[PDB]
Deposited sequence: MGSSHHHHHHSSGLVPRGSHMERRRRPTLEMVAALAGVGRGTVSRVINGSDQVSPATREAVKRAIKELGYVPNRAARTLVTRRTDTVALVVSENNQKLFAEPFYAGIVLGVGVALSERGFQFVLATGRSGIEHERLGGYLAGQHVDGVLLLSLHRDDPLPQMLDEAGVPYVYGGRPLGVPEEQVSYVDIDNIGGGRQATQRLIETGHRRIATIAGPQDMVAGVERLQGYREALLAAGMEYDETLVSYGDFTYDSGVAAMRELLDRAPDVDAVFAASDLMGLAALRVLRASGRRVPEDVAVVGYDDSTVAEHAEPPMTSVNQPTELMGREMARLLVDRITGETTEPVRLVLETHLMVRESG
């Protein structure tokens, strides 16, 4: 079956160019686009084409699975929902280009009935690799830069969650409200920042990028971000951290700097995890229904595998705020 690699080889370009032609990106010259399309035609290439087994792919290094509380709940829900339907799963990981290469090549070999895609980053190649092999998949987290109507996914209302977190800080009287945002190559990072922005504007407050710092959902990134916020805006009085681990980092940086939480700076996190429960002070945090998300991911994928559902399905789940001492 013709591959993207074969198209690139014949056209004399690389994977990045062919991937851009497949997606209809503007980032290709007309002459090179036409060369790629000629190769596609010559090869008969089509980009967008039992084992009782699903691959749950987490597009991160495996240590993220154990460090960040989100993953455990997804895996719990996936496991239960697949068990109820007679399916099992295997868990696959990897952040790097070579890991994506090897995993995409493997999943093109008819070793699983379908794939669940979790924690993907913008421009990760695995969806393309699965589409050209005809392997069905469902996302956990809407894909950035893909038209929504073409894909099936379960996601959280992270714009709403970001609004809930920021509205809490507005409602308790704060006027210099910062965020440690998630990474902007991940849908939840984009949308929790969007919710923060929408809350500020709905309240008649300014969106000041001085008060926006970015992490990558790790603790260490939260440490660096909180330190930077204090340098830029020593008068910050509240922080919305877009994950509990980044919020835990913020609490520790705030305390090290001599600021009381919540009296000087209030903090709200996201995940409503044991990280928040056991923080000092216990951390207010947005609760998202991670187990249900996993269950629904598995349900939607099995329906595609069995033919019960033949059109894309998208499901968005609501959040709520869990109030503790920190904000």
Unmodelled spans of the deposited chain sequence come out as 1-25, 75-82
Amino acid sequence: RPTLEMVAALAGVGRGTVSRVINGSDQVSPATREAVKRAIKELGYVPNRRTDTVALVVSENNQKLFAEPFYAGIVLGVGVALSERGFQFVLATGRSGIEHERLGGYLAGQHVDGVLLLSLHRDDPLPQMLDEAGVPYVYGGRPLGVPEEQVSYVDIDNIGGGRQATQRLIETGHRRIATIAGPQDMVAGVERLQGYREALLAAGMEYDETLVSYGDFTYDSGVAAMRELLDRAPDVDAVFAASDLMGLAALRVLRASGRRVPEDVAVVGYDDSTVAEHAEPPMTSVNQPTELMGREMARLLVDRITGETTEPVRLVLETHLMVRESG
From here on, numbers count along this sequence of modelled residues.
Would 248-256 or 216-224 have the larger average of its C-alpha temperature factors, as given in the entry?
248-256
Read off the CA B-factors in the entry, average them over 22-30 and over 265-273, and name the higher stretch.
22-30
From the entry's CA B-factor values, the highest among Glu101, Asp124, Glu209, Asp113 is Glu209
Sorting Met129, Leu144, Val154, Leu117 by Cα temperature factor from the record, which one lands on top?
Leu144
What third of the chain does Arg295 rank in for C-alpha temperature factor, lowest, middle or highest?
lowest
Rank-wise, by C-alpha B-factor, drop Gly105 into the lowest, middle or highest third of its chain.
middle
B-factor third for the C-alpha atom of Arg175 within its chain
highest
Select lowest, middle or highest to describe the third in which the CA B-factor of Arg192 falls within its chain in this entry.
lowest
Could you place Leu321 in the lowest, middle or highest third of its chain by Cα temperature factor, using the values in the record?
middle
